[PDB]
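Submitted below is the structure of interest, expressed as structure tokens.
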Amino acid sequence: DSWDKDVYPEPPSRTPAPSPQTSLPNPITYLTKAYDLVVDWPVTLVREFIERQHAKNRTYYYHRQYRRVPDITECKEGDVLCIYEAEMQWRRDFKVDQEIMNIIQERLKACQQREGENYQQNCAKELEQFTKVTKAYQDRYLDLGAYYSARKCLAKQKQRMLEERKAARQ
Amino acid sequence: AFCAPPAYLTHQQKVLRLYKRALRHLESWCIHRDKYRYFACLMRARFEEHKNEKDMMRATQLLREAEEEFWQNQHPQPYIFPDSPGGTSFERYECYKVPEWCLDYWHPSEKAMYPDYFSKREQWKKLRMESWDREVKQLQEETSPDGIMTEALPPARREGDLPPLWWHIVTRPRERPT
Amino acid sequence: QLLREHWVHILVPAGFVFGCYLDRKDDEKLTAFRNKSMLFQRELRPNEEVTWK
Amino acid sequence: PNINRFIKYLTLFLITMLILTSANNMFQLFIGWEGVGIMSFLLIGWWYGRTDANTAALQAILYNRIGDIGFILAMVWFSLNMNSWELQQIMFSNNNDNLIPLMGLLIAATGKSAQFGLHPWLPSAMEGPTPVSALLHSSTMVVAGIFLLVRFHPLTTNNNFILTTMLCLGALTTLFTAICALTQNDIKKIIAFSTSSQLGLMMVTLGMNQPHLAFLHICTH
Amino acid sequence: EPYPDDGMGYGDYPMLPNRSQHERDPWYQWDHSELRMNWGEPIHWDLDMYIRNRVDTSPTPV
Amino acid sequence: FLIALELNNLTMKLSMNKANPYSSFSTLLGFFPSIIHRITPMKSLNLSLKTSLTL
Amino acid sequence: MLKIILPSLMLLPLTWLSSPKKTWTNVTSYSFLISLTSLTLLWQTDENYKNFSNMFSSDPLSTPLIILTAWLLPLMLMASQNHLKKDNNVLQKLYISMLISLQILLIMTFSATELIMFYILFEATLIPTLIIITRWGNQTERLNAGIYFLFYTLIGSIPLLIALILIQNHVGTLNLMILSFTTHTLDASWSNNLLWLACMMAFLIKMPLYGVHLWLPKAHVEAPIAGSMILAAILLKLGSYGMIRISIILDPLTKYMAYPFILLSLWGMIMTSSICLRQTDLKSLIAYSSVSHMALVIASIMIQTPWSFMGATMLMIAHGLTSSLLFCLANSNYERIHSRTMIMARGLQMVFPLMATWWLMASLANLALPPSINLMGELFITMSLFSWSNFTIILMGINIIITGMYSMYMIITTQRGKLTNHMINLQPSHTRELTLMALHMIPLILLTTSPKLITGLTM
Amino acid sequence: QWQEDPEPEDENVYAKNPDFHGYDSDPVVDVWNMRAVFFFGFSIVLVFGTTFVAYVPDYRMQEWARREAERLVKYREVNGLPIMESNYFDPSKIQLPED
Amino acid sequence: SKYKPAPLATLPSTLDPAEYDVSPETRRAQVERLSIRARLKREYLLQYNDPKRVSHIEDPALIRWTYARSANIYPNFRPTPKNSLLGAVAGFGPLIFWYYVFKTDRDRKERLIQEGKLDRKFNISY
Amino acid sequence: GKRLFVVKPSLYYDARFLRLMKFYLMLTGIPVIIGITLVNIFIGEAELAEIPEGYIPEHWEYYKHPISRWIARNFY
Amino acid sequence: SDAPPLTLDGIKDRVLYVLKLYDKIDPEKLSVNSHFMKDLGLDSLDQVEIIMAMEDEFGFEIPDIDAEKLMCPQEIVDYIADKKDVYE
């Protein structure tokens, strides 16, 4: 379980206790007990052996955080070095935002499947987060072309800010 | 399927073909056997009462209006035999009728799997190779100088040779090579 | 020249080795901004000559 | 002589049909859909030396391909408006006028279940062997369009036009195919038109807001 | 009887009587049995349309 | 069931009926295969050749 | 990049210095190893493009084309081995030299970072294809096919040269990355419209439109199997690659200047699929199918959507593989019967079972089958086109229906039915050509298994 | 007419070498070409190349982008920041033209 | 109560009037056609079951059909006003029609987006 | 009895191609598959850790699978 | 399993069976080499009906031209044998 509930929330399961009002045996319970004893125990033993071997030959890998280079806004046009660094960090942030959108979509699908018949009521916050992140994504990356760039994103943001400022005049 | 059609169908042939087709469509209409026998006897009576005319134009007009009646009230879904055109299982085993010259392309291992059969096959190939020249000579000697030549073929005239162009219908695949 | 005969089998491997050498020479040819980018620009380490060779 | 190939083809059809049945996203649904179509083509044209069998397989491909056009229209619309292709976001798009996707899904279901307009491939397509006719075109393959519609029933319930045209289409095809089955002589043709009539009945049941009864009739039939 | 010089490039190619291969005699054995056509016979211009895998023009009861 | 049993006993009866267009329509599948499978491939293939390729 | 180019350059001395009984073996083995070496620039961990040199560069778009070229060279050698068996050794080595030079020039073309060098290698690739088609073609019309191919390409490419020198005189560099960074918007004048047309029409000739496309079926019919392979699997994609490269400096006016070519592509893919339906020649059918698929690619690149570019790249690689496979199968039948008439060999599934299996898999790749990169590319092109305008789905649906029809018509009319039993000279199979079909089809399966490689620039 | 060689018939290649593999007329060169094509084309380039492509890590920063997106979503959720701010660039460092 | 043929579902040989009003000229023509068919059949059968044959049979009729369909059309094409009009309409009418379809649709979409009456509900990747 | 010789095409060359193709594919892939299984069972699958004390890791030290780290260390 | 093969003796016996059940001819006079018109006293309609009965007996259709060529039970038997590939 590398994943954490902070980024992939899951409500605690509330399963009811059995109430076997009938006298018949339960083939589901018998098959689950036999399935555990026959399949789950050897698989658990194999995985424990594998994990013991991994703990013997344990190694590590890291994350490689990048630091913020100067952006496209604060250096002169025609300077290909600053433009290159700003373009690379913008493409990096673009890919990160793609995966943020993927995380929100996974969260929404998990909410819908977990709630089932009550998805129209108790998935309100998941749908609200999905709508807000969709609106922000549409504000920053939507109309950019197949040659999307930091310069094009900046031009779109400046046009949107100009329209909002003009609307705020009246 | 085994006799090639002539240039034209005679009047007797056209009447017989119409008679057979009418009986088949009559059976397809009246499925039941006793009812079919009754109406087939009626149809035979009609053909018998128009049988003797001694007027070719009257007979041809009778045939024409009989074909008109047949096309007017034929069965839209007549009975077709299996292994007959238009019916089920017509060209069903054509995918299994292998044309027998692939045994030349068989590997020596596969030929070694069936030694006696391939010895007999080699004997057949030798017979064909020896007979081909006399087949061609007989076909050239067949008296067709100009004009009327039909699709029929002659038999082996002299003693000891084979009918011309025999191979493609003697060594044809079996009708169910399964 | 002890093997001889089919000597031509070293032609493409020789071309591959020479191509790798030419790529190394081009890497040595560029050599600018060794640690001068705004992205990495790290310290040179107590025992390290250059960041990449 | 090709009984092993026949059994392998039946197994491949079953695999594609279960992929189509149990698929969660529309892309995997499409994988099962078209795999079912291709294995149908092969099993109808089992006796490949028969020209009539080849024609039957080709026309089954044609009608199912028009159904695929409808399926692709629905899939593309859902990709553009709900960026998941997954049934959960499809559920989350239940109240935003799904006329174009539901019409595409209806065209796809017409193609697969052989409703009126795209029907004659189902009776024509059993010049293949009888177990092929049974398994493919009587129990599993022809169900697929109705299964698609009962999968998209929560969108279907909010569109009255789609429900009405499903009811009309199903009633028309069940009446027409029963009429065709009345004066028929080949047993396979009679049961094929009977199958088409029952598929039209399931389409009628989907025209009402009862998808579960349609699925019950799927298993029963 | 060639085509009537009605534009497109039919040359001296004959106008065959425009009937599909379904209407050929099916009991007669043909050199091209799937095509229902003998060797050396003139091919129709639209043989692709008129093969038994495609458009039929055979007479119907209705 | 009763109507079809009565009609089948009428087929047992020894007389030829006159063929009706309803029965021909039913046994020729509503003429949908004949009409559509002869007019749509013919128009499509003829248009495809006689315009797209050779024109 | 030099570690790939130089072994391919040393392939030529290997070809001319090998013994005549070991030439094919040596060149095929070392070209396979060169493809294996060319697999090394798929190591793309960062989003940064691999700029090896001041003149050579890599890309998520250029990399699949380079790998496809390096993979296709041994396949061309295998395909062309049999039909050169009764030939002079000097002629055989010259043919192998033509194929190797094609591979070298195409790798340099895809890896070139300068548009003028791209143009130079573009015409450098124009030369040996002409030599192959004319010198080793079979029929009389190979000379006409070579003339059509050469001068369609040249009349396309001359305004491209004028436009490239204009851009170099305007911005000073004509380097792809500098242009991509300091690209400048165009003020929407008639001179800019003519500049757009000049820089587009070369690539719009090279991958076929509905107009200028008449050179492609002639060249494909008259070419040998290696020429058909290299044409239909690399050169149309070379035109598409050029369009994707050069479209970046034409930002504001493509959105109206791309209108006639989108319509031309959609209606032309319909018409060429119709020709495939009523086509009597197998190589002509495969050529017009290539026209239809490249029309899809043209429409996607013109509408300039990230989905469109990704689908264009996927359709490029998938169509290259499946068109080469179809050409090889047709060439196997043509080497059996010495005629390309489609209706003449009919019941080949009887005598050639696994060749019929390869035929079936090739046609299932030819139509869009959902576990395939063919359907991946076609489906994402359809999605982008429907986003561009909702009414394109009608043309897309008609094209898909006719595509399925001509593919299954091919299978039924050349494999199924009663066997033409008069054809005695149907040799069973060559392990070489069965291997050729397998080497075409297995990469399709692997790229279906992992389609992240075939995804291009945009995602 | 001119002095031309006629059209040669194509020989049955399996008539003399029933183990023909498609490559060359004499059996030894044929079988060695078959082995070279299979070994260099299936063994060392369709398997080792497949393994190399399979074990290329973090292909175009996909896994890195997953981890970074998880980290950023967790940070912005536990610190109450608006996850995925609408504007990419900060409005204070953008100068708009007047009026 | 009469069968009316057409180009599809043609007239039967049992219903055409020419079958019943026969002439000796038509009989002689039928005999001559049978003779041509028999000569071609004999030539094909000799070539077919000749044992020395090592290849297929070339079929010059099929070769003529392919050549007439492929490489003869432009040598025997003559421009007429009828085919000029047909080529113009078939090569331009669909293009102009789909031009106006896509142009009107995209202009309406662009106008709706600019006036804000069209909303992209969840369209993030286009 | 009454067994008849069914005529079949030469399937020997087809079976030979399939046998040879499976032979070469197995001949390299089965050692590769065994090596993959042994590597995954016994070693590797690096565990994610934070950056300590301002240490500057090697580039291959940012990759997870041991084969990926080996290729990145020895070739890139 | 199913469909037992048919031999020359079985074909001859079934053809003779149908012709003996014709009830128009053969008062213990029929042989295998008796012509339908020369020494059985039939006509073309009777021969067509005989061919129809043979087709219904053996479950397959004799084409019209071969059928009108057939005129004796011996050559009916030979035609069934040639169509069914008897004496393998």
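Order as written gives the chain letters A, B, C, D, E, F, G, H, I, J and K; numbering starts at 1 within each chain.
The rule we apply is simple: a residue touches a chain if its C-beta (ideal position, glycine included) is under 8 Å from a C-beta of that chain, and two chains touch if they have at least 3 such contacts.
Enquirer: Smallest number of touch links from subunit A to reach subunit G?
Expert: Contact-graph shortest path, subunit A to subunit G, evaluates to 1.
Enquirer: If you take the chains that touch subunit C and keep only those that also touch subunit I, what is left?
Expert: A, G
Enquirer: Would you kindly say which chain has the C-alpha centre located farthest from the C-alpha centre of subunit A?
Expert: Most remote chain from subunit A, centroid-wise, comes out as K.
Enquirer: Report the chain ID whose CA centroid sits closest to the centroid of the full protein CA set.
Expert: Per-chain C-alpha centroids ranked by distance to the global centroid put G first.
Enquirer: If you take the mean of the Cα atoms for each chain, which one ends up farthest from subunit D?
Expert: Looking at centroid distances, C is the chain farthest away.
Enquirer: Please compute the C-alpha centroid of subunit B, do the same for subunit F, then give the distance between them in whole Å.
Expert: 30
Enquirer: What is the distance in Å between the mean C-alpha positions of subunit D and subunit K?
Expert: Comparing mean C-alpha positions, subunit K is 50 Å from subunit D.
Enquirer: Taking the mean of the CA coordinates per chain, how far is subunit B from subunit C in Å?
Expert: Their C-alpha centroids are separated by 81 Å.
Enquirer: In whole angstrom, what separates the CA-based centres of subunit A and subunit C?
Expert: 40
Enquirer: For subunit H, jot down the residues that touch at least 2 other chains.
Expert: In subunit H, the residues touching two or more other chains are 10, 12, 14, 34, 38, 42, 44, 46, 48, 52, 56-58, 60-62, 67.
Enquirer: Residues of subunit B touching 2+ other chains?
Expert: In subunit B, residues 1, 4-5, 71, 76-77, 91, 94-99, 102, 105, 107, 174, 178 touch at least two other chains, as defined above.
Enquirer: Among the residues of subunit G, which ones contact at least 2 other chains?
Expert: Only 22, 33, 43, 45, 47, 278, 280, 305-306, 343, 347, 349-351, 387, 390, 409, 412, 417-420, 422, 424-425, 427-428, 430-431, 434-435, 438 qualify.
Enquirer: Show which residues of subunit D lie in contact with subunit A when the two form their complex.
Expert: Its residues touching subunit A are 83-84, 86, 88-89, 91-92, 94.
Enquirer: Write out the stretch or stretches of subunit K touching subunit B in their complex.
Expert: 44-45, 48-49, 51-52, 55, 59-61, 63-69, 79, 82-85, 88
Enquirer: Within their complex, state which residues of subunit F touch subunit E.
Expert: 24, 28, 31, 34, 37-38, 41-42, 45-46, 49-50, 54-55
Enquirer: How about subunit H: which of its residues touch subunit B in the complex?
Expert: Touching subunit B: residues 14, 18 of subunit H.
Enquirer: Enumerate the contact residues on subunit E facing subunit F in the complex.
Expert: 8-9, 46, 48-49, 54-57, 60-62
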